[PDB]
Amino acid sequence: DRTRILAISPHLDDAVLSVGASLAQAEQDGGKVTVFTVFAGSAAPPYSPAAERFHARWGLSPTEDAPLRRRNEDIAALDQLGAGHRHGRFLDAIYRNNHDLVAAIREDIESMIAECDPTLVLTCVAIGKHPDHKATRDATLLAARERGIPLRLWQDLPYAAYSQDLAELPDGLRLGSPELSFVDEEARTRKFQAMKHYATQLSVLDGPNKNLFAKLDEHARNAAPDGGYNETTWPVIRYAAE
């Protein structure tokens, strides 16, 4: 039920990159979309050399507020998909045990669910094994289950176009069968246009010779050679509870 979709993105870019066309298609179909990003917290200059290195790679200068730049990128992108944005308080791995973080994230996701009253929640399956993706996913599974909201896990992009598939779920959980969500040409066009806004991240992901848009078209194509642009998600089955 796509009437009210709440997508939980680990970082500023992940939702658009992975489910952007399905989100666009939901909005075109008359549904309501909100993307909440967990790791969208504030940090102004001055930064650590380790952060300066990541910033320099995004094309940012020492005095520029990076998380602000990225929050602005996220707003521009989501606006093009007709999706609402909500920015979470957590700091990217790069400006900073596991249980305390998951529990903190879960509380905020519960607060977001109560506020947005969604009929469907989405988050990443955490292909690529980023610890922020694992934390976001795990917290979202707990929060959506507590609030009895249906949930799907998406195939992280572009990461899935290069490698893996097998994600390591919490105990007692496994993935249901994968489902391809097909979209029309305008939803795909809107996705790719929205992706251009995350210029900071695309300076790596669509760096010289990265095939990003081609790679994404090819990936979608591999999954359904005859039937246009598509994105993969899975339902979650709980075979065992504590």
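So that there is no doubt, residue numbering starts at 1 and follows the sequence shown.
Going from residue 96 to residue 97, the model skips 10 or more deposited residues, which lack coordinates. 130 to 138 and 160 to 168 differ in mean CA B-factor, and the higher of the two is recorded for 160 to 168. Sorting the modelled residues of the chain by their CA temperature factor places residue 80 in the highest third. Among the modelled residues of its chain, residue 108 has a C-alpha B-factor that falls in the middle third according to the deposited record. Residue 222: CA B factor lies in the highest third for its chain, per the PDB record. Residue 39: CA B factor in the middle third of modelled residues in this chain (values from the PDB entry).
Among the modelled residues of the chain, residue 199 sits in the lowest third by CA temperature factor in this PDB entry.
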